[PDB]
Amino acid sequence: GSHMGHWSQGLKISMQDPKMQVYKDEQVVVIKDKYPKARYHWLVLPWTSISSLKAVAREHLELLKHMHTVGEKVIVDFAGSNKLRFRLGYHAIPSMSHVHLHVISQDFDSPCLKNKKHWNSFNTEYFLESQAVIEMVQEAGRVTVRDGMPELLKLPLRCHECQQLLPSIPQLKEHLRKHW
DNA sequence: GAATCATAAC
Ligand SMILES: Nc1ncnc2c1ncn2[C@@H]1O[C@H](COP(=O)(O)O)[C@@H](O)[C@H]1O
Ligand SMILES: [Zn+2]
């Protein structure tokens, strides 16, 4: 198939689709995640093309901080009165091209959350906090990731609120209901 | 039988 039509390039199409945009400014766009893994799941993307955090440098530090500020503003504007819990961060090894910040509510109540890989990509060290990425760029000038990130996606299922171990995705989804 | 694992997608 073509380069432009490859599945890994899909965010570059979605980020230009007005029906998926929830916020736009001179530097970034916010879209709904197409396969949301919680009740609220957005992606913040710069207009400028940066393939992944591997290509980030100090020239991008203001932009990474702006992406974080915009993510916080979207939470306030779209889900603020609910006083929900959110995390903002990056997957250590992404699958989709074009740098994107995940802004995700911590219920993880969604039919698109289907497997252990989904859970652990948001609930282990695989999920890099946005503030931690920002501080690494500021102090070290680039983002580095340690070996062993793919192995974390295989860790047994453990609740993020109470650390209980769960034997299956169905039982995990059932367990999460108690933390609403 | 249900759920996960491990692969494949030409
Ligand atoms: N075309 C798309 N538009 C919007 N979100 C997408 C699209 N394709 C995949 N996604 C989401 O993009 C994210 C890519 O994950 P990652 O590359 O691991 O950061 C996931 O949360 C997907 O659900
Ligand atoms: Zn729990």
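Residue numbers start from 1 in every chain, and the chains themselves are labelled A, B, ... in the order their sequence lines are given, proteins ahead of strands.
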**Asked** Do we get A:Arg85 above A:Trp180's six-membered ring, with its NZ or CZ under 6.0 Å from the centre and within 45° of the axis?
**Response** no
_Quick one, A:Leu157 and A:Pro167 - any side-chain contact, counting heavy atoms below 4.5 Å?_
no
(message) Would A:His160 and A:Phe122 count as a ring pair (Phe, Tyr, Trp, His ring centres under 6.0 Å) here? Give the steps.
(response) CA-CA 10 Å; A:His160 66 310; A:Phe122 289 99; over 10 Å; no
With B for base contact, S for sugar-phosphate-only contact and - for none (protein heavy atoms under 4.0 Å), nucleotides 3-10 of chain B reads SSS-----
Side chain A:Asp109, main chain A:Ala38, donor-acceptor under 3.5 Å:
no
Cluster membership besides A:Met15, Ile/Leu/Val/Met/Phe/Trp/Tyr side chains within less than 4.5 angstrom, sorted by chain and number, is A:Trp7, A:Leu11, A:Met20, A:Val29, A:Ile31, A:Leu43, A:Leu45, A:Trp47, A:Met96
